[PDB]
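Q: model the structure of this input:
(8 chains)
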Amino acid sequence: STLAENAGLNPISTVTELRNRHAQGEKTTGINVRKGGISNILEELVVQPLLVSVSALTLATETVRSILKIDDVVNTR
Amino acid sequence: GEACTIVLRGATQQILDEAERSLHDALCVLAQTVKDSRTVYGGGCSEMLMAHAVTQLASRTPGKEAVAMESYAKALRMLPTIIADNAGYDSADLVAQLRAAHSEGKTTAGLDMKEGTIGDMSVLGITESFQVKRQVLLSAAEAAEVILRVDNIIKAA
Amino acid sequence: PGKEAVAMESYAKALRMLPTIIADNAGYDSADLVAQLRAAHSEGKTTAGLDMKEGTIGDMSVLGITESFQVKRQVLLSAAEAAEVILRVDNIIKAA
Amino acid sequence: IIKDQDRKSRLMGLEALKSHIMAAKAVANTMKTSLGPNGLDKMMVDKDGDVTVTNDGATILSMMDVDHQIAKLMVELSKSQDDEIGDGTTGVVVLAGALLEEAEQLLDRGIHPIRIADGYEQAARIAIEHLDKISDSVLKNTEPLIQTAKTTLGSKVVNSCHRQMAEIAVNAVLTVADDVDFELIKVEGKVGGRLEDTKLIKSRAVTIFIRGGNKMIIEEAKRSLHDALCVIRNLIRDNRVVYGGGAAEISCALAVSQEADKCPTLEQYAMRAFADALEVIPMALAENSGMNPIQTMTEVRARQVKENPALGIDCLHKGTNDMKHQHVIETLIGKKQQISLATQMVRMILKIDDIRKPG
Amino acid sequence: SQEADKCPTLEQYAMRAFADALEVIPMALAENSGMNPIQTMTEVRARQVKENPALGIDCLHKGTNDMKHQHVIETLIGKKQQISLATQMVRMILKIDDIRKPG
Amino acid sequence: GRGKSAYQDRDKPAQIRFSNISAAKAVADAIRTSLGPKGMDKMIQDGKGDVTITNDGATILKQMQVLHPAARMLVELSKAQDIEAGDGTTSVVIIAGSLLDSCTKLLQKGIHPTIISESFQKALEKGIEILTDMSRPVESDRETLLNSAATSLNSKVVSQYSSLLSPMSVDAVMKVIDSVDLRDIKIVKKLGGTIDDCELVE
Amino acid sequence: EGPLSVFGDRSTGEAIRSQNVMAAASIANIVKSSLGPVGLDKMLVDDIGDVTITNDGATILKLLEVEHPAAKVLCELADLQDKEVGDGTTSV
Amino acid sequence: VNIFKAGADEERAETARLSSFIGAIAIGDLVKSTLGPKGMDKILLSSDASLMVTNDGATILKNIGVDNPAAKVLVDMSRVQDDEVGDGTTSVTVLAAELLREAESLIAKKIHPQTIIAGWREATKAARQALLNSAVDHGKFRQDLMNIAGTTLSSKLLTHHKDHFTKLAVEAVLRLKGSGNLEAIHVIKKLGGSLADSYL
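A: Numbers count the residues shown, from 1 in each chain, chains lettered A, B, ... in the order given. And now the structure:
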């Protein structure tokens, strides 16, 4: 959403547009913020190492859980 | 032999202190287990049993003492109650489920957070050191008395 | 078991108020009466009742203190069911 | 106009009178909550941070920050109550304030303060006189002596071994009973062992070696023992003893009123108002116990006329009971002293109608 | 929901939301019954996809159970019309973005 | 009454959870505007005055004075994400603010915080699975190495000499492959000649 | 949170991008009247009291006490434009 | 016209008890989130930038600057509990809190504190003496020893490998058993690797 957003394309519309083409096309089916529409990212020369991804989900997810547990924040003064 | 140097290794120095702190205590309680081969039952089962016993006592005992002993028992049912909350399970449904299944399943009916239901502690593998609960009933209880006795917090200036 | 418990429990405790108030309007502490009555009731069977004029629990059948079934029966049946409906309402339009 | 520099308050008549009545009656109701076996301890926390949890009044009024002049006096009664007989340090404080709660009313009748002293003093004497009548005169009677030492060591951090401490206190006093003197019986605690290892170093001199766990636990054993050495020394110096529990206060309170009738003039209301105050003590007992002070009192009074002034209030059995039989006795000098300090003290209050408050 | 996926476009999120609004009735049942609406739908949606939609929410036994057996049937016109009426009205209001009412 | 120390904060379950979500989500939507090849820079002028116009989320959060704890958590994600991968440092934060956004709804509904924390974790296990399950498995091979070094040097100023910087980055690692440790790859920026003269000293 | 304590700038949303426009506007219109053979000179008198009457937009933006960052951008343009060709500094 | 200075404390009768109980209970409910298995730690931060994430109640009650006297009484309990055994430190604290809450409830119902104590002293002993004749003397039985161990390792960060360490604690003690002398079991905390690498 942010991608199409910081590109001028309608976030909500661009997304659902991708969601469908992602089921018809392939996993590579992404959003080319330089064509104004969906396209095969694998052919657009845009790939990132699986690590960055894997980490991303884990890093932020655990945190969300680390502060979601804190039922109190009292530390005198 | 007659010594064992346990070398701990954790991710960060923060998890190292905890891992070492936890071990020290984990070893302390075991010292209690090697000085007493007795084990009660968790899952609030122990307390749930007391909560019922004391109650039966707070009945055939006239005078305001019945009220106190009654509040004492109810105060114990909090162990399992909280154990459910912290788990995500509704305490109300647990307090009743555990309490009734306790007068029918003996001191072997405790709470299972992982299953969100009451089960058997002796068959599940949930056994605690007697020394632990022993203190609790002696430390906490009597302690409340002092703070309860003190009806005046005076001071110089 | 189930929430049904606490309910049935709170129902009984709500029935103990009858004698409790009977002791209050007597000048006789109720807190002590409830315990004295409740405990002496588990020993003296159903023949254990409060005696205001003596400021202590006494035998109801020995004092000739007997009510008529119809009385109590109606009450229990009345209030209970009635209240149920009162608890079924959660949005009424009365007056300012 | 400013006839005096604004640095010295000055109340007028009822202005000061009333200020003292409340003040001295206030600090009084403070100790009443800690009177009796079921006494409610207090937590004194000075400006340093040292928590002081005690029951005795002298130990509470000593940590208590007191600027009020009248309150200072109440601190000298309990303090002097602990330096003489020791036990019942709170009583004098509670009794004193009680004599105020009664005096005030009389003052409302227009009864001049000074005159109020009449009844209070005339009744107090006869009160102490009625004690010499209902007092028990025991005999080197090792039996009665040790029995009293145990009653002064009961309910304290030395009640677990009050039997040994009683023996040590009785021998220490008997060896210097040349006509005894509490200046030839030194004490000395020491960490190590238990409270059962306490011995008596020998004997116009006796060194009491007290052993105990922590340093605090020992301090209480030494404190219970100190009062034990005073009580035993009181009886040995005065073969007079009575029964606590309240019985005594009930007997006097009754006698006073009666005597108040035989005596006309305003001193009548005073004496009566004095006796009624002799009930605040027994009343307080049933209070700090859990029983209704009103129901108990009257219950003890009816049973006190049927079984002589030997019956008091059993704060452990919840109800009337004979103190004598229950082995609940106290030295005579104690009660004879208690009434004095408290009363005499009070006499000063009424005699003060000014005050020049500092800051 | 599944048909919302088989058909993209902004109408996709719409159909999805619509479906979510079709879970209220059941969720409410569990609500008014006393059982936790969420925990209930947990067993419902589950026991439903497994044993066909012939299973619903038994507010009497607190939980899931085959409705066809509990004899809890209702004419098709009931539900049928229900969706309609509600849908048509709500739609109208949605088209209402301004109402000047004097007096 | 007087159970808490003079001047002290005591947020309760329902009270605390709210603040945290807010602080975070606020910080997220802050750098969520610099993400992408068209992101927007943010002039970070601290107290002294030394401005720090950066587009990277990490650099932004590391230059921003953060008073509330909960939002500092995000600053930790950016730092970690920038040391565990480098790029996508702005993503970890944004997503974090989103995960918190949707869960709140659940909270204000009647779902115990714990259950949620358990669920999300379960989805994480599934997420990582699928993603990795469809990732194109590449090969040592110096070819694929110059691919992650070339397409990673573009869009920047080094793109002018990425064809040379890539090979060096491949030889710099190919040697430190004792897992690769970035501490054995000493970098030194000197002033002389041009970026086309650069050399990788073994 | 309390990110940037007292005395701290930071504009987001429309609140800023807008401020930038007006920022560039007021500045623009200023030297806007100094273009052409009939240029309307200005008298820049800084703090020290030094009077400077000029016609060049660059010299004006370099002696103009500017506070907003965006407006300073125009001063940079007048700089790049002055060190590359000169005139037309106001046009840019 | 003032017994105490314009800066002296002395709550009396109820006022003090009411204020005391609340002070303790409040603290008891605080650490009431890390009771038994599974909990929610507290990231404590003094006033000198000393962030500390701990699950143990004792550690929490000691890093917090308590000013309420009655509360300090709880820290003592948490301290005493942690000194003798270790775990359950959160139980004893919370329990005391509730007890006091129930207490003040009876006081409002006009019930002398001492009368309540007497009743509490009757049931308390009744509860203990009960656990003794209601428990079961299992066995040096490693099976049960691992159950007690696994139940003490959980509710923490080590819960992920509680099993691995459970064998390390039951083996380190079983070997030095007979006198339970922990002063012999030395621990070496080494930063690096995972918790599953630890050895005995």
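Q: which residues touch the nearest residue to residue D:178 once chain neighbours are set aside?
A: Spatial nearest neighbour of residue D:178, excluding adjacent residues (Cβ to Cβ, 6 or more residues apart in numbering or on different chains): residue D:204 at 6.3 Å. Bear in mind the C-beta positions are built from the backbone N, C-alpha and C, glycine included. Contacts for residue D:204 (Cβ atoms under 8 Å, 6 or more residues apart in numbering or on different chains) come out as D:175-176, D:178, D:184.
Q: drop anything exposed from these.
A: By neighbour count, with 16 or more other Cβ atoms under 10 Å in any protein chain shown, the contacts of residue D:204 hold D:175-176, D:184 as buried.
Q: take these and keep only those in strands.
A: Among the buried ones among the contacts of residue D:204, no member falls in strands (criterion: DSSP state E).
Q: flag every buried residue along stretch D:294-310.
A: For stretch D:294-310, by 16+ other Cβ under 10 Å, it's D:296-297, D:299-301, D:303-304, D:309-310.
Q: which of the residues you listed lies closest to chain A?
A: Nearest to chain A among those: residue D:296, at 45.8 Å, using Cβ to the nearest Cβ.
Q: assign a three-state SS to the closest one, would you?
A: Assigned by DSSP: H, G, I helix; E, B strand; the rest coil, the conformation of residue D:296 is helix.
Q: what strand or helix carries the residue lying closest to it once chain neighbours are set aside?
A: Leaving out its chain neighbours, the residue that sits closest to residue D:296 by Cβ to Cβ, 6+ apart is residue D:286, at 3.5 Å. In this assignment (DSSP states H and E), residue D:286 forms part of helix D:280-289.
Q: which element, helix or strand, includes residue F:27?
A: Here residue F:27, judged by DSSP H and E, is contained in helix F:13-31.
Q: so for chain H, which residue is the most central one in space?
A: Central residue of chain H (Cα atoms, centre = their mean): residue H:89, 1.4 Å from the mean position.
Q: surely that one meets residue H:58?
A: Yes. Applying Cβ atoms under 8 Å, one finds residue H:89 in contact with residue H:58, separated by 4.6 Å.
Q: overlap in contacts of these two?
A: Common contacts of residue H:89 and residue H:58 (Cβ under 8 Å, 6+ apart): H:78, H:81-82.
Q: these in helices, which ones?
A: If you go by DSSP state H, the shared contacts of residue H:89 and residue H:58 have H:78, H:81-82 in helices.
Q: what bridges to the closest residue to residue D:218 other than its chain neighbours?
A: Excluding its sequence neighbours, the residue lying closest to residue D:218 (Cβ to Cβ, 6+ apart) is residue D:212, at 3.5 Å. Listed by DSSP bridges, the beta-bridge partners for residue D:212 are residue D:191.
Q: pull the number of nearby residues for whichever residue of chain A sits closest to chain D.
A: Distances between chain A and chain D by Cβ to the nearest Cβ are smallest at residue A:76, namely 16.0 Å. Neighbourhood size, residue A:76 [other Cβ atoms under 10 Å in any protein chain shown]: 19.
Q: OK, contacts around it?
A: Contacts of residue A:76 by Cβ under 8 Å, 6+ apart are F:4-5, F:8, H:46-47, H:64-66.
Q: now the helices: where do they sit in chain D?
A: For chain D, the helices defined by DSSP H occupy D:14-32, D:58-61, D:69-84, D:89-108, D:113-131, D:142-151, D:162-175, D:215-237, D:247-262, D:267-277, D:280-289, D:293-306, D:332-350.
Q: over to chain A?
A: With DSSP H as the criterion, chain A has helices spanning A:2-5, A:11-24, A:50-69.
Q: just the C-alphas of the longest one, formatted as PDB.
A: Written as PDB, here are the backbone C-alpha positions of helix A:50-69 (Å, rounded to 0.1, in the frame of the first residue of the first chain):
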ATOM      1  CA  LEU A  50      15.200 -14.100   1.800                       C
ATOM      2  CA  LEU A  51      17.000 -13.200   5.000                       C
ATOM      3  CA  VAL A  52      16.000  -9.500   5.100                       C
ATOM      4  CA  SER A  53      12.400 -10.800   4.800                       C
ATOM      5  CA  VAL A  54      12.500 -13.600   7.300                       C
ATOM      6  CA  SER A  55      14.100 -11.300   9.800                       C
ATOM      7  CA  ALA A  56      11.600  -8.400   9.200                       C
ATOM      8  CA  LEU A  57       8.700 -10.600  10.200                       C
ATOM      9  CA  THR A  58      10.500 -12.000  13.300                       C
ATOM     10  CA  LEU A  59      12.000  -8.700  14.500                       C
ATOM     11  CA  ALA A  60       8.900  -6.600  14.700                       C
ATOM     12  CA  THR A  61       6.600  -9.500  15.600                       C
ATOM     13  CA  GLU A  62       8.400 -10.500  18.800                       C
ATOM     14  CA  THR A  63       8.500  -6.800  19.900                       C
ATOM     15  CA  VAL A  64       4.800  -6.400  19.400                       C
ATOM     16  CA  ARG A  65       4.500  -9.300  21.800                       C
ATOM     17  CA  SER A  66       7.100  -8.000  24.200                       C
ATOM     18  CA  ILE A  67       5.200  -4.800  24.900                       C
ATOM     19  CA  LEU A  68       1.800  -6.400  24.600                       C
ATOM     20  CA  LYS A  69       2.700  -8.500  27.700                       C
END
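Q: contacts (any at all) between chain B and that helix?
A: No. Using Cβ under 8 Å from any Cβ of the partner chain, helix A:50-69 stays clear of chain B, with a minimum separation of 9.8 Å.
Q: off-centre distance for that helix?
A: How far helix A:50-69 lies from its chain's middle: 13 Å, per Cα atoms, centre = their mean, to the nearest Å.
Q: can you pull out the residues in contact with the helix holding residue F:27?
A: Outside helix F:13-31, the residues touching it (Cβ under 8 Å, 6+ apart) are A:67-68, A:70-73, F:11, F:42, F:57, F:60-61, F:66, F:68, F:70-71, F:73-75, F:78, F:90, F:93-94, F:96-98, F:100-101, F:104, F:107, F:113, G:1, G:12.
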